[PDB]
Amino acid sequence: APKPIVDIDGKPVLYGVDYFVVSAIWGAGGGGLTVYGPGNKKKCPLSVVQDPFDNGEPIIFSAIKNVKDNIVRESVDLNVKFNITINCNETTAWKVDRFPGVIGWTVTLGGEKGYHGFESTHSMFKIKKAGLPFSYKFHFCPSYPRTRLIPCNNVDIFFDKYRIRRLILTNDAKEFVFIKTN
């Protein structure tokens, strides 16, 4: 069985609980994760973005397959959602889709929970161990049947026209740690 994902406190990461996913670097490399709009006067939709400093918002993973002990493990497809209140017309769940004013594939909101058919597989991400102490990365390669349209790849950050930090799929990858919210 894939080694378990661990929070900064060395305790296992679980489904159903709030975490902050924060840059694994201290005193640098940005803060944790939030959402944000086009930067165009346009308010919506929201894309997942890294806060330059603060821990950002609480995040909840949820299993694609029932997990007995409820522990998040390496390289397993899972859903991510922010636990928060948003003003847009979409769910808080993460997915990969195109985003306005951003070239490529952006991690945005409006994702699906569970697997049913292809579309749902855009909301499946895997976490995998990374280089730095306590670090993990988000990798996208759903293990469920999907179309060829979205390339398997790592998530990193991108500074777009407005100097905002988007999440996108790209060769390189960002290294985060998980911190229990409470």
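Numbers follow the displayed sequence, beginning with 1.
Asker: Higher mean Cα B-factor in the deposited model: 112-120 or 24-32?
Answerer: Higher of the two, by average CA B-factor, is 112-120.
Asker: Name the higher of the two by mean Cα B-factor in the PDB entry, 38-46 versus 57-65.
Answerer: Stretch with the higher mean C-alpha B-factor: 38-46.
Asker: Pull the Cα B-factor of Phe140 out of the PDB entry and bin it into the chain's lowest, middle or highest third.
Answerer: CA B-factor rank for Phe140: lowest third.
Asker: By the record's CA B-factor, is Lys129 among the lowest, middle or highest third of residues in the chain?
Answerer: Tercile = middle for this residue's CA B-factor.
Asker: Taking the values exactly as deposited, rank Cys152 by C-alpha B-factor within its chain and report the matching third: lowest, middle or highest.
Answerer: Middle third.
Asker: Classify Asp77 as lowest, middle or highest third according to the C-alpha B-factor given in the PDB entry, relative to its own chain.
Answerer: Answer is lowest: the recorded C-alpha B-factor places it there.
Asker: Please place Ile164 in the lowest, middle or highest third of its chain by C-alpha B factor as given in the entry.
Answerer: As the PDB entry reports it, the C-alpha B-factor of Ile164 lands in the lowest third of its chain.
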